[PDB]
Amino acid sequence: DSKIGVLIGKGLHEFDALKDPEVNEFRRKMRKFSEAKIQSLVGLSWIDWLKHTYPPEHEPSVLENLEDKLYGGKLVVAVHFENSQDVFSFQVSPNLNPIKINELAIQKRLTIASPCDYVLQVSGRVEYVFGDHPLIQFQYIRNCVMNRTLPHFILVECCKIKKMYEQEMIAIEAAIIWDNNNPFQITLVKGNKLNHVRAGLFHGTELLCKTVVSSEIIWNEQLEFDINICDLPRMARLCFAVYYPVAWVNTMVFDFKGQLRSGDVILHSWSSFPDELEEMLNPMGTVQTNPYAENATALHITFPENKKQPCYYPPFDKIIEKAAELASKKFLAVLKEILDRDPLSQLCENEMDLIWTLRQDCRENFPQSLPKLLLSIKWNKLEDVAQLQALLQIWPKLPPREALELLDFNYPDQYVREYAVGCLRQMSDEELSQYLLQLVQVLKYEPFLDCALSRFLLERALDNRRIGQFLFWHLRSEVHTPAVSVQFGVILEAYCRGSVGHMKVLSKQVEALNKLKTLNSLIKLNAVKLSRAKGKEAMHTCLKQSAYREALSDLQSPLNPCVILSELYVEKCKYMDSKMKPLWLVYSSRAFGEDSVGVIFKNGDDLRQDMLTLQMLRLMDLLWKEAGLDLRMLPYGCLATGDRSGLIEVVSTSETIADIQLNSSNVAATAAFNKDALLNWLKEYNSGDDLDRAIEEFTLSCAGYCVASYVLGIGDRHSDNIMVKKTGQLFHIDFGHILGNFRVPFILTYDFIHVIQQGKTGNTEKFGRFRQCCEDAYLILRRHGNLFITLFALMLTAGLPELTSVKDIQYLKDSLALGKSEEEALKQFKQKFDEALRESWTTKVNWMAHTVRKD
Ligand SMILES: C[C@H]1Cc2ccccc2N1C(=O)Cc1nc(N2CCOCC2)cc(=O)[nH]1
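In the deposited numbering, the protein residues as written are 117 to 228, 235 to 298, 320 to 338, 346 to 367, 374 to 399, 430 to 514, 526 to 939, 949 to 1061.
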């Protein structure tokens, strides 16, 4: 209880202090799911623990060009023991089991023990390679061959794994209505903290009945709506606005149990108003009241309590019963158009009647019609709702990508949302992690705590630690926000109770980030007193302290749950001399190599925009690979850990265009005055065949990021926000604003063109391939246009300044040219590409001028 409180960032006593039945019932119900997960873990013993927690990834497929990629048809592996620094480099056949590495390494140690009492652990990662499967089948070995990198293994004794297993097990063991013809009416009585009130009923975006306006001024007025209690839907929204805007508040007609509310209800209104409003009201806003204890604007309203027995919404059996009581020239081309429309598009009364009349044709011929079919009714009639609900169970499961649309603002109904999550159960954990950022923000829109989405997100987080660690930080970053403090807190409590063993891993992360927050605050104060040379020494002395060293070393990274952050390389650790003073942390490598694991800590700066942009870059790279196009994208890890605080993954051996132009140390740059610095920089670290691979990796990565920055609208591009890795790969950094909210044209510079053409101006064939590559990448992105719109629609409740209303997503439709045909959309892209080429030297000047006005 006390251990959970400190970890989640909210006291468990705070939930009991609220005295709310919804909060108490959710905590009770989720405890049953948490305790059942504990009981399933104690049943499993020995090797079965690793087979569930960290299973070895394997594929039975065959690899292309296997003979040339292998060292004489054999794998070369580097292996060392837990306490021994001596690495053993030897050849192992790919067809043999991982036990062959175990026996060949112990024999080398015996010359200068049984192989069965040893397990293979991936270098600097909580990943394991074991089983009666060939070595070529394993994913870590497979990736090593493709990326050319040599596989590094650490032999961990079975007794040490047993010691790790038993210690966790001790902590796990320690857990021991429709008949009512009367119209709907509410009484407006008093506005407490006021410095007329408009009322209206909504069901997503749709207006259920005509809006009601109160007399201009204490009110004591009966506001009667043009709808009956029988016709009211389950997830009906009652919106209020005081105005000229003063205060707005939203409330639910039916509670979490499904009962029609009766009696006096106090509603704490909000001060901030959005730019876009529907009928002078905000139906897009949350139904949660202002948590400010007697300080914010309060609106007192009285629900009809004159009823003898409290009436609930009809149960599932009663809904289908009414649907059966109702039941017992076709225009296909015009229906096909409506069905093919994007999620942002609105439907007309005449269009809605067409889908409703052709509901049987929609059910039998087009399963993709359901999102449009659910919006074909106004939900202001019980007959229309019951018939639609009956068609919902007999409807086949939609693909997970199309299912995500049924979770936005347009679909508030419980049964509709229960179907959507059911379709998302079909996808794997790897697929779920891609859309995990969007699903967490849907919980903010969710009116009640106990929903199908919260139950499913917890079920997957408990079964998989990679999903679990990510969900933990997604909720903990907004746990201090009063608007979602109660909602995000109970989900965090439910996960920690069901994963007592993972709490130790999460505790080390919370403790490490707290020291980072302290170190960031110390430099902010010492900035006006100490110099740059003295300030760097002050940071090194602070990190060398026993309190800082023990807290930041030997723990799993919050960005990547596998990667282990070892001892900190104090000498390479630095900080930026900017207002927010971000920290740069470099971790020491192990006995094998290796590329030093880097992590950037940023405090005071919002990283929610960076998280969304890199998630889109990951999705773009995934959709391109499905078409058979690997553009060698580098969408690095970014995770918001707290309020205006987060972490950034460092891409090893990479420098900005500005750093490449301002030659580091003493390199042969005289070309002269470091002319065409990008090509000369790549020539220094890549020679012969490797240089050709570096040019190829540059032209593919440049093409991908040029299309990505044009589509997403990533503006303010210069020499400091574009980085180049030593392997050739080009990538964008520091994503401040999105969707042209910094409109944004296609950007291309001569520095890139010089690399693609390999220095020769008459090498048009290479640039022609790059131009067609940009054109190809843009057309693949157009096919999945509806998916990109869906993902941005679910992020409207996140609280981003650039993304507030549906009008902000309109930029994405224009950039992808979804309104134009495939022919005119490419012609629009080509026009912008040719404009970027004609302004390539102008872009080169503006970026070089930016490099000049520094220090
Ligand atoms: C200006 C650089 C140098 C520096 C020194 C100390 C602390 C922070 C930073 N900097 C940054 O914070 C820039 C910066 N770098 C980023 N990178 C992520 C990919 O690997 C390379 C680094 C991502 C990002 O959003 N911003």
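Ideal placement from N, C-alpha and C gives every residue a C-beta, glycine not left out.
What's the C-alpha gap between residue 153 and residue 146? Stepping through the sequence shown from its first residue, residue 153 is reached at position 37. Stepping through the sequence shown from its first residue, residue 146 is reached at position 30. Spanning the two alpha carbons is a distance of roughly 11 Å.
How big is the Cα-Cα spacing for residue 1003 and residue 565? Along the sequence shown, read from residue 1 onward, the residue named residue 1003 stands at position 797. Along the sequence shown, read from residue 1 onward, the residue named residue 565 stands at position 368. Each residue's CA atom was taken as its position, placing residue 1003 and residue 565 some 26 Å apart.
Run the CB neighbour count on residue 996, radius 10 Å, all protein chains shown included, and call it buried at 16 or more, exposed below. Locating residue 996 in the sequence shown gives position 790, counting from the first residue. Classification of residue 996: buried, given that the 10 Å Cβ count is 16 or more.
Residue 758 versus residue 699: straight-line alpha-carbon distance, rounded: Here residue 758 refers to the residue found at position 561 when the sequence shown is read from its first residue. Here residue 699 refers to the residue found at position 502 when the sequence shown is read from its first residue. Distance between the alpha carbons of residue 758 and residue 699 is about 11 Å.
Could you check which residue in 379, 137, 1056 has the C-alpha nearest to that of residue 331? For the purposes of this step, residue 331 is taken as the residue at position 188 of the sequence shown. Checked all of 379, 137, 1056; the closest Cα to residue 331 is 379.
For residue 395, report the span of its beta strand (DSSP E) as first-last. Counting from one through the sequence shown, the residue named residue 395 turns up at place 239. Element bounds for residue 395: 393-398.
Is it a yes or a no for the region 628-638 touching the region 653-668, going by three-plus beta-carbon pairs under 8 Å? Yes, the region 628-638 is in contact with the region 653-668.
Quick one: Cα of residue 278 to Cα of residue 241, how far? On the sequence shown, residue 278 is found 156 positions in, with the first residue counted as 1. On the sequence shown, residue 241 is found 119 positions in, with the first residue counted as 1. Taking the straight line joining both Cα atoms gives about 5 Å.
Touching or not, the region 355-362 and the region 559-579, by the rule of three or more beta carbon pairs under 8 Å? The region 559-579 and the region 355-362 touch, with three or more beta-carbon pairs separated by less than 8 Å.
Once you ignore the five residues that flank residue 745 on each side, which residues in its own chain have a CB closer than 7 Å to its CB? To locate residue 745, count along the sequence shown from 1; it is residue 548. Closer than 7 Å at Cβ, skipping near neighbours: 712, 739.
Is the beta carbon of residue 781 within less than 7 Å of some heavy atom of ligand 1? In the sequence shown, residue 781 corresponds to position 584, counting from 1. Checking the Cβ of residue 781 against ligand 1 gives yes.
Ignoring anything shorter than 4 residues or poking outside the region 601-654, list the alpha helix (DSSP H) runs there in chain order. If we require 4 residues or more, the alpha helix (DSSP H) runs fully inside the region 601-654 come out as 611-621, 626-629, 633-642.
Which runs of the alpha helix (DSSP H) at least 4 residues long sit entirely within the region 143-209? Give them in chain order. Within the region 143-209, the complete alpha helix (DSSP H) segments of 4 residues or longer fall at 166-169, 182-185, listed in chain order.
Residue burial classification, residue 609 (beta-carbon count within 10 angstroms, cutoff 16): Counting from one through the sequence shown, the residue named residue 609 turns up at place 412. Residue 609 should be labelled buried.
Using a Cβ distance threshold of 8 Å, determine whether the region 829-839 contacts the region 774-789, with at least three qualifying pairs required. Verdict: no, contact absent.
C-alpha gap between residue 243 and residue 250, whole angstroms: For this step, residue 243 is matched to residue 121 along the sequence shown. For this step, residue 250 is matched to residue 128 along the sequence shown. Approximately 5 Å between the Cα atoms of the pair.
Closest residue to residue 804 among 848, 931, 914, 682 (Cα-Cα distance): Counting from one through the sequence shown, the residue named residue 804 turns up at place 607. Taking each of 848, 931, 914, 682 in turn and checking the Cα distance to residue 804, the smallest one comes out for 931.
Counterpart residues of residue 243 in DSSP-defined beta bridges: The count along the sequence shown starts at 1 and reaches residue 243 at position 121. Per DSSP, 250, 276.
According to DSSP, simplified to helix, strand and coil, what is residue 292? The residue given as residue 292 occupies position 170 in the sequence shown. Helix.
Buried versus exposed call for residue 281 [16 or more other C-beta atoms within 10 Å across all chains shown]: Taking the sequence shown and counting its residues from 1, one reaches residue 281 at position 159. Counting the other Cβ atoms within 10 Å of the Cβ of residue 281 gives fewer than 16, which makes it exposed.
Using C-beta distances below 8 Å, list every residue in its chain close to residue 294, excluding the 5 sequence neighbours before and after it, in chain order. Position 172 of the sequence shown, counted from the first residue, corresponds to residue 294. Result list for residue 294: 154, 157, 158, 697, 698, in chain order.
Every unbroken alpha helix (DSSP H) within the region 722-783, with a cutoff of 4 residues, ordered by chain: Whole alpha helix (DSSP H) segments, 4+ residues: 729-740, 743-749.
Buried or exposed for residue 865, going by 16 or more other Cβ atoms inside 10 Å? Taking the first residue of the sequence shown as 1, we reach residue 865 at position 668. Residue 865 comes out exposed.
Which residue or residues does DSSP assign as beta-bridge partners of residue 353? Walking along the sequence shown from the start, residue 353 turns up at place 203. Answer by DSSP bridge pairing, in chain order: 356.
Exposed unless 16 or more other CB atoms sit within 10 angstroms - verdict on residue 775: Within the sequence shown, residue 775 is the residue found at index 578, counting from 1. With fewer than 16 other beta carbons inside 10 angstroms of its own, residue 775 counts as exposed.
Whether or not the region 799-818 and the region 838-847 are in contact is what I'm after, with contact meaning three or more pairs of Cβ atoms, one per stretch, closer than 8 Å; do they touch? Contact holds: three or more Cβ-Cβ distances are below 8 Å.
Kindly indicate which residue of 512, 552, 544 has the alpha-carbon position closest to the one of residue 530. The residue given as residue 530 occupies position 333 in the sequence shown. The candidate whose alpha carbon is nearest that of residue 530 is 552.
Best match in 862, 675, 633, 217 for proximity to residue 206 [C-alpha to C-alpha]: The count along the sequence shown starts at 1 and reaches residue 206 at position 90. For residue 206, the closest C-alpha among the options 862, 675, 633, 217 is that of 217.
CB of residue 943 within 8 Å of CB of residue 433, strictly: Position 939 is followed directly by 949 in the chain, which means residue 943 is not present among the coordinates.
Helix or strand or just coil, what does DSSP make of residue 380? Locating residue 380 in the sequence shown gives position 224, counting from the first residue. In the displayed model, residue 380 falls within a strand according to three-state DSSP.
Where does residue 286 fall in DSSP's three states? In the sequence shown, residue 286 corresponds to position 164, counting from 1. The answer is helix: DSSP assigns residue 286 an H, G or I state.
To the nearest angstrom, report how far apart residue 1061 and residue 127 are at their CA atoms. For this step, residue 1061 is matched to residue 855 along the sequence shown. For this step, residue 127 is matched to residue 11 along the sequence shown. Taking the straight line from one Cα to the other gives about 47 Å.
Return yes when at least one heavy atom of ligand 1 lies under 7 Å from the C-beta of residue 776, else no. Along the sequence shown, read from residue 1 onward, the residue named residue 776 stands at position 579. Incorrect: residue 776 has no Cβ contact closer than 7 Å to ligand 1.
Based on the DSSP output, what are the partners of residue 842 in its beta bridges? For the purposes of this step, residue 842 is taken as residue 645 along the sequence shown, with counting starting at 1. Per the DSSP secondary-structure output, residue 842 pairs in a beta bridge with 800, 839.
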